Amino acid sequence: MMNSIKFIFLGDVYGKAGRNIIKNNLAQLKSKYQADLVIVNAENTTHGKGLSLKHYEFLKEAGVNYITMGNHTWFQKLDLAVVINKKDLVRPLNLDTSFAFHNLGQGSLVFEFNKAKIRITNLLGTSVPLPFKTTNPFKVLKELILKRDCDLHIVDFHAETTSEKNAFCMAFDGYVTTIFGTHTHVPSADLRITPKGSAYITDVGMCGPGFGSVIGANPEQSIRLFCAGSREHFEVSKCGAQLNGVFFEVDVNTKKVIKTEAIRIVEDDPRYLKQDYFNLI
């Protein structure tokens, strides 16, 4: 018989484009994989940064069960007290006490699902430039692990560097169920069940604007930044869309990952064809 739990983890939700492609495909995907639970990083949901209450309910009504965040966790000030306090939402645990919000919400949570105590933890890589101070991710997660209270442990490591990501993978490989990297907005072809029985991927990717955008932003301001050096406001792209995620199923008994598959959907937009960014635009 052997009962397992089938999950679906989606990368950084970015703007209206990300919101829409998830609403239009989650049911189908949930059905295709017979998924039991859906987890998503929603750090870029509202206007490319943070999550409004309105958008939190949207994701919730779209089928999302749990949410992890990142460096833009606290941008939507108006509803943060209410949003990040949501019981099924986890923010970076890795926060230094000098930072306001160091105690606003959960950095890790536990719930049980069919004879299984499941833990979801979110952390910030030391390689990510932040306006505030953070504690060491490696040390923090190690201490949490030594607390030994969970059969499954899902980790969303929001980091910038491939070296920090893989060093993290090497450090906690068998001590956790999954180590999924996020933050670069580009999926890696890294996905696999590790030699120790965990699931790993350098970066899940993003759920937001598609080809014709720069990591979710309008190309114009981006090209200018890298050319002239102008600091002109970033703008959310409305060009097409992409959905990136990971499907994985554990085994409640051995609590080892038994299967993994990368999930990807790309929608091109004809409006990109009319663009001529070459005129360093």
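In this text, residue numbers run from 1 along the sequence as written.
Higher mean CA B-factor, judged across 159 to 167 and 99 to 107 from the recorded values: 99 to 107.
Looking at mean Cα B-factors across 7 to 15 and 267 to 275, the upper value is held by 267 to 275. As recorded in the entry, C150 carries the highest CA temperature factor of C150, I84, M206, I154. In this entry, the residue among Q221, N41, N65, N244 with the greatest C-alpha B factor is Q221. Among all modelled residues in this chain, the alpha-carbon of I145 has a temperature factor (C-alpha) in the highest third. Placement of the Cα temperature factor of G174 within the chain: highest third of the modelled residues, per the deposited record.
When all modelled residues of the chain are sorted by CA temperature factor, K49 is found within the lowest third.
In the deposited entry, the Cα temperature factor of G70 sits in the bottom third of values across the chain's modelled residues. When the modelled residues of the chain are ordered by C-alpha B-factor, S127 sits in the middle third.
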